[PDB]
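These notes concern the structure reproduced below.
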Amino acid sequence: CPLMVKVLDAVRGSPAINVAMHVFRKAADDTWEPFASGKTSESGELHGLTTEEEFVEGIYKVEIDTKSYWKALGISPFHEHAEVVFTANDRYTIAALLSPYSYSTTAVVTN
Amino acid sequence: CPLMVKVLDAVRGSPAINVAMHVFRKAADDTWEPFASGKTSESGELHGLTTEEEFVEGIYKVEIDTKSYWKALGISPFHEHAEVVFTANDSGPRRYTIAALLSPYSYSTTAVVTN
Amino acid sequence: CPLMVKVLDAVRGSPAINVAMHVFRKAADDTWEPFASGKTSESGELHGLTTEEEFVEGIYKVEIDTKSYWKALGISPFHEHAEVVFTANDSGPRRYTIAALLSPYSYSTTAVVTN
Amino acid sequence: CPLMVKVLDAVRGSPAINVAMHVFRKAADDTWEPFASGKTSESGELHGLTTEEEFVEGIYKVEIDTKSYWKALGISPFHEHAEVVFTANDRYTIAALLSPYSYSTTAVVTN
Ligand SMILES: O=C(/C=C/c1ccc(O)c(O)c1)O[C@H](Cc1ccc(O)c(O)c1)C(=O)O
Ligand SMILES: O=C(/C=C/c1ccc(O)c(O)c1)O[C@H](Cc1ccc(O)c(O)c1)C(=O)O
């Protein structure tokens, strides 16, 4: 698991479950190539997105569909999605904490 | 205005209006003494808590009553209050802006300190 | 000023000054078209990006160049930029204030929307 | 583990390790009684603070010594400590994300 994403709900005080996200890698034409995707588990976590071999240096974007999440809860949200864009350089945990009109994201990088 | 507090609502995307807060200052006997209090305006801001002469060096605590704010909106929040504790003016007078961003089960707070 | 962006530095407790950002608007062909750009002032604020007439309904993206900000302070940060994507004016004209609070490995963003 | 505390460092992108904290329970004279304490592990987590039997309804305060943490890193901090005050009502994870002039805290409450 070189890359894990965890999503939390600041309104309900819970993991944010069934949140869909896509991971993209920046290509040489500066376009975003689909790389991996999935939805968060009951613990708010999404594991197994990639492998050590595949996860090479480059610029990656995690696009978290926060809008669909708030919509399912019947709460009007501000953002279309939450975006985390970063360079991988030679384990990454991306955490996102969601509110309807605000989000925060942090990275925990370990070894 | 060497001390201003601003409170924002992350659920509604608005200032948090009519939020009560109390400020305390640590006394020589290490007890918290009442220093100032007030509530946020329509802009989410609370101005005029103190003056440059009164706001001497010390350890200050701002207790923001976030629980009453959420309850009045029908929400049972996690925290009793948001608490901000800091040493002020240790290197001479500064202006302090304390900001708090509120959600029912979370809050963030930051300080902007100017000279 | 129906769109203002404010950026704060959580490491230094200050506005984040001279932070560049670009705003884009989604076109009919679903591509991001350049809309406005600028950099934050000494107050951490960027005003005057657009006008009420120009800021029509649509999906907007604000890309805040947080990486260059940290690099100039000697810090190699995690993120390439902070991105804020939202639908604007869907229920008529609103005023939007986007705030971002920056740390080297984290950022928070909120919106204040008024009518 | 009815109560766990996790602390993260937003400057270094890491768990905040060896962060001391004390947990207090509000007494009937509105004073704070020491209840439990400890310091965060290498994963930034503090477990085993209390038990199901002891952790009764009441108002609790977690006082996290963030100032000593930043001092050890040679970084001047704003806050004396980070405080989380909440009512327990009939598992609690308190997370804190730290920067020198800012902190955020959230609660993940599950069953
Ligand atoms: O605690 C957080 C996030 C807390 C948080 C608190 C305030 C914020 O603004 C914010 O963006 C995040 O994430 C950690 C991340 C994490 C999860 C599972 C893991 O295995 C791990 O190694 C790290 C957790 O949930 O244990
Ligand atoms: O209130 C905010 C937003 C702070 C904030 C606080 C926590 C967050 O997580 C976050 O994303 C943003 O910042 C400033 C605070 C402020 C600083 C200087 C001033 O003169 C002022 O009037 C307000 C603003 O509203 O202009």
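Going through the structure tokens in order, the chains are called A, B, and so on, while each chain numbers its residues from 1 and the ligands are numbered from 1 in the order shown.
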Chain A contacts on chain B, only C-alpha atoms, 6 Å, as JSON, numbers by chain: {"B": [10, 11, 13, 103, 104, 105, 106]}
Ligand 1 neighbours within 7 Å using only C-alpha atoms and all ligand atoms, as number ranges by chain: A: 6, 93, 95-97, 104-106, 108; C: 108; D: 6, 8, 95-97, 104-106
Env. residues ligand 2 / 7 Å / only C-alpha atoms and all ligand atoms / as a VMD selection string: (chain A and resid 104) or (chain B and resid 6 to 8 97 99 to 101 108 to 110 112) or (chain C and resid 6 99 to 101 108 to 110)
Polymer residues at most 8 Å from residue 42 of chain A, only C-alpha atoms, same-chain spacing of 2 or more positions, as a PyMOL selection string: chain A and resi 15-18+40+44-45
Please return the superposed copy of chain A as a compact mmCIF listing (two decimals) with N, CA, C and O atoms, in the first residue's frame; the fit should be least squares onto chain D across all sequentially paired Cα atoms.
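Below is the file that was written, superposed36.txt:
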```txt
# COMPACT_ATOMS: atom_id res chain seq x y z
N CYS A 1 -10.83 0.03 24.36
CA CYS A 1 -10.42 1.39 24.03
C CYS A 1 -11.64 2.29 23.75
O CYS A 1 -11.94 2.58 22.59
N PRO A 2 -12.33 2.74 24.81
CA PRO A 2 -13.45 3.66 24.57
C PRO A 2 -12.99 5.04 24.11
O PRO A 2 -13.81 5.82 23.61
N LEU A 3 -11.71 5.35 24.30
CA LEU A 3 -11.18 6.67 24.00
C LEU A 3 -9.75 6.57 23.48
O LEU A 3 -8.87 6.06 24.18
N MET A 4 -9.53 7.07 22.26
CA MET A 4 -8.19 7.08 21.68
C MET A 4 -7.90 8.50 21.18
O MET A 4 -8.81 9.19 20.73
N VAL A 5 -6.64 8.93 21.27
CA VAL A 5 -6.28 10.24 20.74
C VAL A 5 -5.17 10.09 19.71
O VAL A 5 -4.20 9.37 19.94
N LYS A 6 -5.33 10.74 18.55
CA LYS A 6 -4.30 10.68 17.52
C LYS A 6 -3.87 12.09 17.14
O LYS A 6 -4.72 12.98 16.98
N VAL A 7 -2.57 12.31 17.01
CA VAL A 7 -2.04 13.64 16.75
C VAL A 7 -1.15 13.59 15.51
O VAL A 7 -0.27 12.71 15.38
N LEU A 8 -1.37 14.53 14.60
CA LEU A 8 -0.62 14.61 13.34
C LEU A 8 0.08 15.96 13.21
O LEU A 8 -0.39 16.96 13.75
N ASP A 9 1.19 15.98 12.47
CA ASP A 9 2.03 17.16 12.30
C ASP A 9 1.87 17.63 10.85
O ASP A 9 2.24 16.91 9.91
N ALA A 10 1.31 18.84 10.68
CA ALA A 10 1.04 19.40 9.35
C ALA A 10 2.25 20.08 8.70
O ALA A 10 2.20 20.42 7.51
N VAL A 11 3.32 20.28 9.47
CA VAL A 11 4.55 20.87 8.96
C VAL A 11 5.45 19.78 8.37
O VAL A 11 6.03 19.96 7.30
N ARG A 12 5.54 18.64 9.06
CA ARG A 12 6.41 17.55 8.65
C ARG A 12 5.70 16.45 7.86
O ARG A 12 6.35 15.60 7.24
N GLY A 13 4.37 16.46 7.86
CA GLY A 13 3.62 15.40 7.20
C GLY A 13 3.82 14.04 7.85
O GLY A 13 4.10 13.05 7.17
N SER A 14 3.65 13.98 9.17
CA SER A 14 3.98 12.79 9.92
C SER A 14 3.08 12.67 11.13
O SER A 14 2.42 13.64 11.52
N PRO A 15 3.05 11.49 11.75
CA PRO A 15 2.46 11.45 13.09
C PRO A 15 3.23 12.39 14.01
O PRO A 15 4.42 12.65 13.77
N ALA A 16 2.55 12.94 15.01
CA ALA A 16 3.23 13.76 16.01
C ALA A 16 3.56 12.82 17.17
O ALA A 16 2.67 12.39 17.90
N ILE A 17 4.84 12.48 17.30
CA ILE A 17 5.29 11.45 18.23
C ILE A 17 5.76 12.07 19.54
O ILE A 17 6.29 13.20 19.56
N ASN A 18 5.55 11.34 20.64
CA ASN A 18 5.96 11.79 21.98
C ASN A 18 5.28 13.07 22.43
O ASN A 18 5.83 13.84 23.21
N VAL A 19 4.06 13.29 21.95
CA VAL A 19 3.26 14.41 22.40
C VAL A 19 2.52 14.02 23.69
O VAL A 19 1.73 13.08 23.71
N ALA A 20 2.78 14.76 24.77
CA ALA A 20 2.16 14.47 26.05
C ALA A 20 0.76 15.07 26.12
O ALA A 20 0.49 16.14 25.56
N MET A 21 -0.14 14.38 26.80
CA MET A 21 -1.45 14.96 27.03
C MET A 21 -2.02 14.45 28.33
O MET A 21 -1.64 13.37 28.80
N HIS A 22 -2.91 15.24 28.92
CA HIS A 22 -3.65 14.83 30.11
C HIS A 22 -5.14 14.89 29.82
O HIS A 22 -5.61 15.77 29.08
N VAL A 23 -5.87 13.95 30.40
CA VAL A 23 -7.31 13.90 30.28
C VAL A 23 -7.90 14.20 31.64
O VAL A 23 -7.45 13.66 32.65
N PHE A 24 -8.90 15.08 31.67
CA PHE A 24 -9.50 15.49 32.93
C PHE A 24 -10.98 15.21 32.85
O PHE A 24 -11.56 15.20 31.75
N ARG A 25 -11.60 14.97 34.00
CA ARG A 25 -13.05 14.88 34.07
C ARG A 25 -13.58 16.00 34.95
O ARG A 25 -13.00 16.30 36.00
N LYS A 26 -14.66 16.64 34.53
CA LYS A 26 -15.21 17.75 35.30
C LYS A 26 -15.90 17.24 36.55
O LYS A 26 -16.76 16.37 36.47
N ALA A 27 -15.50 17.79 37.69
CA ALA A 27 -16.08 17.40 38.98
C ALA A 27 -17.28 18.30 39.30
O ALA A 27 -17.53 19.28 38.60
N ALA A 28 -17.98 17.96 40.38
CA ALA A 28 -19.21 18.66 40.76
C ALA A 28 -18.99 20.09 41.25
O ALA A 28 -19.94 20.86 41.35
N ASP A 29 -17.74 20.44 41.57
CA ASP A 29 -17.39 21.82 41.90
C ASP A 29 -16.86 22.57 40.67
O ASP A 29 -16.28 23.66 40.80
N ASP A 30 -17.07 21.98 39.50
CA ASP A 30 -16.63 22.54 38.22
C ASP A 30 -15.11 22.65 38.09
O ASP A 30 -14.61 23.40 37.25
N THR A 31 -14.39 21.90 38.91
CA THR A 31 -12.94 21.81 38.79
C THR A 31 -12.58 20.61 37.92
O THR A 31 -13.39 19.69 37.77
N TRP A 32 -11.37 20.61 37.36
CA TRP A 32 -10.94 19.51 36.50
C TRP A 32 -10.11 18.48 37.26
O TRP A 32 -9.00 18.77 37.72
N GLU A 33 -10.64 17.27 37.38
CA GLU A 33 -9.92 16.21 38.05
C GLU A 33 -9.10 15.43 37.03
O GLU A 33 -9.65 14.98 36.02
N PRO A 34 -7.80 15.26 37.31
CA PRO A 34 -6.96 14.37 36.50
C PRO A 34 -7.63 13.01 36.40
O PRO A 34 -8.20 12.53 37.39
N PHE A 35 -7.59 12.43 35.21
CA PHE A 35 -8.31 11.20 34.91
C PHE A 35 -7.33 10.19 34.30
O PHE A 35 -7.23 9.04 34.74
N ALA A 36 -6.58 10.64 33.30
CA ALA A 36 -5.65 9.78 32.58
C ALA A 36 -4.64 10.67 31.86
O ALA A 36 -4.89 11.87 31.67
N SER A 37 -3.50 10.10 31.49
CA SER A 37 -2.52 10.82 30.67
C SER A 37 -1.57 9.86 29.99
O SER A 37 -1.59 8.65 30.26
N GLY A 38 -0.74 10.38 29.09
CA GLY A 38 0.18 9.54 28.36
C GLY A 38 0.83 10.37 27.28
O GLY A 38 0.61 11.59 27.19
N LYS A 39 1.66 9.73 26.46
CA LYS A 39 2.21 10.41 25.30
C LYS A 39 2.05 9.59 24.03
O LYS A 39 2.00 8.36 24.08
N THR A 40 1.93 10.27 22.90
CA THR A 40 1.67 9.56 21.65
C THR A 40 2.82 8.63 21.24
O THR A 40 3.99 8.94 21.48
N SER A 41 2.44 7.52 20.62
CA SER A 41 3.38 6.52 20.12
C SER A 41 4.00 6.95 18.79
O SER A 41 3.77 8.07 18.32
N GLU A 42 4.79 6.07 18.19
CA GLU A 42 5.42 6.38 16.91
C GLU A 42 4.39 6.57 15.79
O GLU A 42 4.71 7.12 14.74
N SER A 43 3.17 6.11 16.01
CA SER A 43 2.12 6.24 15.01
C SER A 43 1.28 7.48 15.30
O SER A 43 0.27 7.71 14.63
N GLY A 44 1.69 8.26 16.29
CA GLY A 44 0.94 9.43 16.71
C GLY A 44 -0.28 9.14 17.57
O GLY A 44 -1.05 10.05 17.87
N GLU A 45 -0.45 7.89 18.00
CA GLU A 45 -1.67 7.48 18.70
C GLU A 45 -1.43 7.22 20.17
O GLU A 45 -0.35 6.77 20.57
N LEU A 46 -2.43 7.51 20.99
CA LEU A 46 -2.37 7.20 22.42
C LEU A 46 -3.57 6.33 22.78
O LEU A 46 -4.72 6.78 22.71
N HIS A 47 -3.29 5.07 23.12
CA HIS A 47 -4.32 4.09 23.42
C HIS A 47 -4.34 3.77 24.92
O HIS A 47 -3.42 4.15 25.65
N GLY A 48 -5.37 3.06 25.37
CA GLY A 48 -5.43 2.56 26.74
C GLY A 48 -5.59 3.61 27.82
O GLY A 48 -5.24 3.36 28.98
N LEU A 49 -6.14 4.77 27.46
CA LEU A 49 -6.33 5.85 28.43
C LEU A 49 -7.33 5.48 29.52
O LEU A 49 -7.16 5.85 30.69
N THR A 50 -8.37 4.74 29.15
CA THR A 50 -9.42 4.41 30.11
C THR A 50 -10.09 3.09 29.75
O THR A 50 -9.66 2.42 28.81
N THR A 51 -11.10 2.69 30.52
CA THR A 51 -11.83 1.46 30.25
C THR A 51 -13.31 1.77 30.14
O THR A 51 -13.73 2.84 30.55
N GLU A 52 -14.07 0.83 29.59
CA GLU A 52 -15.52 0.98 29.48
C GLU A 52 -16.17 1.32 30.82
O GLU A 52 -17.04 2.19 30.88
N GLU A 53 -15.75 0.63 31.87
CA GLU A 53 -16.36 0.82 33.19
C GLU A 53 -16.10 2.21 33.75
O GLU A 53 -17.01 2.82 34.34
N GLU A 54 -14.88 2.71 33.58
CA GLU A 54 -14.46 3.98 34.17
C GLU A 54 -14.98 5.17 33.38
O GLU A 54 -15.22 6.24 33.94
N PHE A 55 -15.12 4.98 32.07
CA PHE A 55 -15.45 6.07 31.17
C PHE A 55 -16.95 6.33 31.16
O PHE A 55 -17.64 6.04 30.18
N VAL A 56 -17.45 6.89 32.25
CA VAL A 56 -18.86 7.16 32.39
C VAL A 56 -19.23 8.50 31.77
O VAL A 56 -18.35 9.32 31.47
N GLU A 57 -20.53 8.73 31.59
CA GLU A 57 -21.02 10.01 31.08
C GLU A 57 -20.47 11.15 31.94
O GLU A 57 -20.29 11.01 33.15
N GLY A 58 -20.19 12.28 31.30
CA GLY A 58 -19.65 13.43 32.00
C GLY A 58 -18.94 14.30 31.00
O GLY A 58 -18.93 14.00 29.81
N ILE A 59 -18.34 15.39 31.48
CA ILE A 59 -17.63 16.30 30.61
C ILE A 59 -16.14 16.04 30.76
O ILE A 59 -15.62 16.00 31.88
N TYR A 60 -15.46 15.85 29.64
CA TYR A 60 -14.05 15.51 29.65
C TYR A 60 -13.25 16.54 28.89
O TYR A 60 -13.74 17.13 27.91
N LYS A 61 -12.03 16.76 29.36
CA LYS A 61 -11.10 17.66 28.69
C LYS A 61 -9.79 16.94 28.37
O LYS A 61 -9.17 16.35 29.27
N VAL A 62 -9.38 16.98 27.11
CA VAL A 62 -8.07 16.49 26.71
C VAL A 62 -7.19 17.70 26.46
O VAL A 62 -7.50 18.54 25.63
N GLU A 63 -6.10 17.79 27.22
CA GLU A 63 -5.19 18.91 27.12
C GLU A 63 -3.90 18.40 26.52
O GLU A 63 -3.13 17.67 27.17
N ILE A 64 -3.66 18.78 25.27
CA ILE A 64 -2.52 18.29 24.50
C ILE A 64 -1.38 19.30 24.54
O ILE A 64 -1.56 20.45 24.14
N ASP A 65 -0.21 18.87 25.02
CA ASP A 65 0.93 19.78 25.18
C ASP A 65 1.62 20.01 23.84
O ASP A 65 2.71 19.49 23.56
N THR A 66 0.98 20.83 23.01
CA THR A 66 1.50 21.13 21.69
C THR A 66 2.71 22.04 21.78
O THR A 66 3.58 21.99 20.92
N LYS A 67 2.76 22.87 22.82
CA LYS A 67 3.84 23.84 22.94
C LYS A 67 5.19 23.14 23.09
O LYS A 67 6.13 23.49 22.40
N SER A 68 5.26 22.14 23.97
CA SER A 68 6.50 21.38 24.15
C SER A 68 6.89 20.65 22.87
O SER A 68 8.08 20.52 22.57
N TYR A 69 5.91 20.19 22.11
CA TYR A 69 6.18 19.53 20.84
C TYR A 69 6.90 20.46 19.86
O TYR A 69 7.94 20.10 19.31
N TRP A 70 6.35 21.66 19.64
CA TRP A 70 6.95 22.60 18.70
C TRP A 70 8.31 23.09 19.20
O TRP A 70 9.24 23.28 18.41
N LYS A 71 8.42 23.27 20.51
CA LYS A 71 9.69 23.70 21.10
C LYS A 71 10.82 22.73 20.82
O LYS A 71 11.94 23.13 20.50
N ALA A 72 10.53 21.44 20.90
CA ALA A 72 11.54 20.41 20.65
C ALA A 72 11.98 20.41 19.19
O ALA A 72 13.09 19.97 18.88
N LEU A 73 11.12 20.90 18.30
CA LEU A 73 11.43 20.99 16.88
C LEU A 73 12.08 22.32 16.53
O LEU A 73 12.47 22.55 15.38
N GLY A 74 12.19 23.21 17.51
CA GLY A 74 12.79 24.52 17.30
C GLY A 74 11.91 25.47 16.51
O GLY A 74 12.40 26.34 15.79
N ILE A 75 10.60 25.30 16.65
CA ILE A 75 9.63 26.11 15.93
C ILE A 75 8.75 26.85 16.92
O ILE A 75 8.18 26.24 17.83
N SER A 76 8.67 28.17 16.78
CA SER A 76 7.93 29.00 17.72
C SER A 76 6.42 28.80 17.52
O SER A 76 5.91 28.99 16.42
N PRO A 77 5.70 28.40 18.59
CA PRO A 77 4.27 28.10 18.44
C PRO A 77 3.38 29.17 19.06
O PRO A 77 3.83 29.91 19.94
N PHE A 78 2.13 29.23 18.62
CA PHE A 78 1.20 30.22 19.16
C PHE A 78 0.53 29.76 20.45
O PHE A 78 0.46 30.51 21.43
N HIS A 79 0.01 28.54 20.45
CA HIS A 79 -0.83 28.04 21.54
C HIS A 79 -0.03 27.47 22.70
O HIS A 79 1.02 26.86 22.51
N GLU A 80 -0.54 27.65 23.92
CA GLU A 80 0.05 27.00 25.09
C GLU A 80 -0.18 25.49 25.03
O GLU A 80 0.66 24.69 25.45
N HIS A 81 -1.34 25.11 24.52
CA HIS A 81 -1.72 23.72 24.38
C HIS A 81 -2.95 23.68 23.51
O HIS A 81 -3.53 24.71 23.20
N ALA A 82 -3.33 22.48 23.08
CA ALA A 82 -4.58 22.33 22.34
C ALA A 82 -5.56 21.66 23.29
O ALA A 82 -5.23 20.65 23.92
N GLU A 83 -6.78 22.20 23.36
CA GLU A 83 -7.77 21.68 24.28
C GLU A 83 -8.99 21.11 23.56
O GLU A 83 -9.59 21.77 22.72
N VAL A 84 -9.36 19.89 23.92
CA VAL A 84 -10.59 19.30 23.40
C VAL A 84 -11.53 18.99 24.58
O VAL A 84 -11.22 18.12 25.39
N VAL A 85 -12.65 19.70 24.66
CA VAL A 85 -13.60 19.53 25.74
C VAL A 85 -14.93 19.06 25.16
O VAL A 85 -15.46 19.66 24.21
N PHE A 86 -15.45 17.95 25.71
CA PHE A 86 -16.63 17.30 25.15
C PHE A 86 -17.41 16.55 26.22
O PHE A 86 -16.86 16.21 27.27
N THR A 87 -18.69 16.30 25.96
CA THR A 87 -19.50 15.45 26.84
C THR A 87 -19.52 14.04 26.26
O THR A 87 -19.75 13.85 25.06
N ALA A 88 -19.26 13.05 27.11
CA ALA A 88 -19.45 11.66 26.73
C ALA A 88 -20.89 11.27 27.05
O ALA A 88 -21.38 11.54 28.15
N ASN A 89 -21.58 10.66 26.08
CA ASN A 89 -22.99 10.30 26.25
C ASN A 89 -23.30 8.89 25.75
O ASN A 89 -22.89 8.50 24.66
N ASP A 90 -24.02 8.12 26.57
CA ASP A 90 -24.34 6.74 26.22
C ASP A 90 -25.51 6.64 25.23
O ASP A 90 -26.59 7.17 25.47
N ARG A 91 -17.37 4.29 20.77
CA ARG A 91 -15.93 4.55 20.88
C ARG A 91 -15.60 5.94 20.36
O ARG A 91 -16.16 6.38 19.35
N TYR A 92 -14.69 6.62 21.06
CA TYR A 92 -14.31 7.99 20.73
C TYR A 92 -12.88 8.04 20.23
O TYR A 92 -11.96 7.63 20.94
N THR A 93 -12.69 8.53 19.01
CA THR A 93 -11.35 8.86 18.56
C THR A 93 -11.27 10.36 18.39
O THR A 93 -12.04 10.95 17.63
N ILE A 94 -10.36 10.99 19.13
CA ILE A 94 -10.12 12.41 18.98
C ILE A 94 -8.88 12.56 18.11
O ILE A 94 -7.82 12.03 18.47
N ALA A 95 -8.98 13.26 16.99
CA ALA A 95 -7.80 13.53 16.17
C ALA A 95 -7.45 15.01 16.24
O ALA A 95 -8.34 15.85 16.27
N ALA A 96 -6.16 15.32 16.27
CA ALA A 96 -5.70 16.69 16.26
C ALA A 96 -4.63 16.83 15.19
O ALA A 96 -3.72 16.01 15.09
N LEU A 97 -4.76 17.87 14.38
CA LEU A 97 -3.80 18.15 13.34
C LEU A 97 -3.10 19.47 13.68
O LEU A 97 -3.75 20.53 13.79
N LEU A 98 -1.78 19.42 13.84
CA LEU A 98 -1.07 20.56 14.42
C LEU A 98 -0.21 21.33 13.44
O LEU A 98 0.54 20.73 12.65
N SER A 99 -0.33 22.66 13.50
CA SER A 99 0.62 23.59 12.89
C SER A 99 1.07 24.58 13.97
O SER A 99 0.43 24.68 15.02
N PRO A 100 2.16 25.31 13.72
CA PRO A 100 2.65 26.20 14.79
C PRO A 100 1.63 27.26 15.23
O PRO A 100 1.54 27.54 16.44
N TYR A 101 0.86 27.80 14.29
CA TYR A 101 -0.10 28.86 14.63
C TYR A 101 -1.55 28.45 14.47
O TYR A 101 -2.43 29.30 14.49
N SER A 102 -1.81 27.15 14.37
CA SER A 102 -3.14 26.66 14.09
C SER A 102 -3.27 25.20 14.48
O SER A 102 -2.31 24.44 14.37
N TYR A 103 -4.44 24.81 14.93
CA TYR A 103 -4.72 23.39 15.05
C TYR A 103 -6.17 23.12 14.68
O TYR A 103 -7.02 23.99 14.79
N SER A 104 -6.43 21.90 14.23
CA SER A 104 -7.79 21.48 13.99
C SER A 104 -8.00 20.18 14.75
O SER A 104 -7.05 19.40 14.96
N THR A 105 -9.21 19.96 15.20
CA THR A 105 -9.49 18.74 15.91
C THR A 105 -10.84 18.25 15.46
O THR A 105 -11.71 19.03 15.13
N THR A 106 -10.97 16.93 15.35
CA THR A 106 -12.24 16.33 14.99
C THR A 106 -12.47 15.10 15.87
O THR A 106 -11.55 14.61 16.52
N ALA A 107 -13.70 14.65 15.90
CA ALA A 107 -14.05 13.47 16.67
C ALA A 107 -14.65 12.48 15.71
O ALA A 107 -15.47 12.84 14.86
N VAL A 108 -14.20 11.23 15.82
CA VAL A 108 -14.80 10.13 15.07
C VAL A 108 -15.44 9.23 16.11
O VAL A 108 -14.74 8.65 16.94
N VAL A 109 -16.76 9.16 16.10
CA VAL A 109 -17.48 8.41 17.12
C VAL A 109 -18.17 7.24 16.45
O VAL A 109 -18.99 7.42 15.56
N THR A 110 -17.82 6.02 16.87
CA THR A 110 -18.29 4.83 16.18
C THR A 110 -18.86 3.79 17.13
O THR A 110 -18.82 3.96 18.35
N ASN A 111 -19.38 2.70 16.57
CA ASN A 111 -19.94 1.60 17.36
C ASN A 111 -20.00 0.31 16.56
O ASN A 111 -18.97 -0.29 16.25
```
In chain B, DSSP helix (DSSP H, G or I) residues written as a VMD selection string: chain B and resid 66 to 72
Would you save the residues of that selection, restricted to N, CA and C atoms, as a CSV table (one decimal), in the first residue's frame?
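Saved result, out_13.csv, follows:
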```csv
chain,number,residue,atom,x,y,z
B,66,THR,N,-19.3,27.3,21.3
B,66,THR,CA,-19.8,26.7,20.1
B,66,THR,C,-21.0,25.8,20.3
B,67,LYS,N,-21.1,25.2,21.5
B,67,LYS,CA,-22.2,24.3,21.8
B,67,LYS,C,-23.5,25.0,21.6
B,68,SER,N,-23.7,26.2,22.2
B,68,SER,CA,-24.9,26.9,22.2
B,68,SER,C,-25.3,27.3,20.8
B,69,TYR,N,-24.2,27.7,20.0
B,69,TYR,CA,-24.4,28.0,18.6
B,69,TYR,C,-25.0,26.9,17.8
B,70,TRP,N,-24.5,25.7,17.9
B,70,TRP,CA,-25.0,24.5,17.2
B,70,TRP,C,-26.4,24.1,17.7
B,71,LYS,N,-26.6,24.2,19.0
B,71,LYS,CA,-27.9,23.7,19.6
B,71,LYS,C,-29.0,24.6,19.0
B,72,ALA,N,-28.8,25.9,18.8
B,72,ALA,CA,-29.8,26.8,18.4
B,72,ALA,C,-30.1,26.5,16.9
```
Close residues, residue 96 of chain B itself excluded, 10 Å, only C-alpha atoms, min 4 positions apart in chain, as number ranges by chain: B: 1-5, 88-89, 111-115; C: 13
Store the residues picked out above, limited to C-alpha atoms, as a PDB file, in the first residue's frame.
```pdb
ATOM      1  CA  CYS B   1      -8.255  46.545  18.797  1.00  0.00           C
ATOM      2  CA  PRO B   2      -5.261  44.412  19.758  1.00  0.00           C
ATOM      3  CA  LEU B   3      -7.555  41.368  20.046  1.00  0.00           C
ATOM      4  CA  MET B   4     -10.235  40.362  17.562  1.00  0.00           C
ATOM      5  CA  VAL B   5     -12.014  37.038  17.185  1.00  0.00           C
ATOM      6  CA  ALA B  88       0.347  37.393  24.479  1.00  0.00           C
ATOM      7  CA  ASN B  89       2.725  40.351  24.101  1.00  0.00           C
ATOM      8  CA  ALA B 111      -4.015  33.049  14.754  1.00  0.00           C
ATOM      9  CA  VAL B 112      -2.850  36.018  12.743  1.00  0.00           C
ATOM     10  CA  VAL B 113      -0.303  38.012  14.693  1.00  0.00           C
ATOM     11  CA  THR B 114       0.868  41.386  13.417  1.00  0.00           C
ATOM     12  CA  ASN B 115       3.345  44.082  14.510  1.00  0.00           C
TER      13      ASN B 115
ATOM     14  CA  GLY C  13       0.622  33.119  11.793  1.00  0.00           C
TER      15      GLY C  13
END
```
Strand (DSSP E or B) call set, DSSP backbone run, chain D, as an MDAnalysis selection string: chainID D and resid 3:9 14:15 20:26 32:39 45:46 58:64 79:88 92:99 102:109
Selected residue of minimal separation from chain C among B:23, B:63, B:42, B:56, counting only C-alpha atoms: B:42
Coordinates-based distance that separates atom CA of residue 21 of chain B from atom CA of residue 62 of chain B (Å, one decimal):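 Going from atom CA of residue 62 of chain B over to atom CA of residue 21 of chain B covers 6.8 Å.
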Counting only C-alpha atoms, the option among C:14, C:43, C:31, C:91 closest to chain B: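 Among the listed residues, the smallest separation from chain B belongs to C:14.
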Atomic separation - atom CA of residue 84 of chain C relative to atom CA of residue 25 of chain C, Å: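 Rounded to one decimal, the two atoms are 11.7 Å apart.
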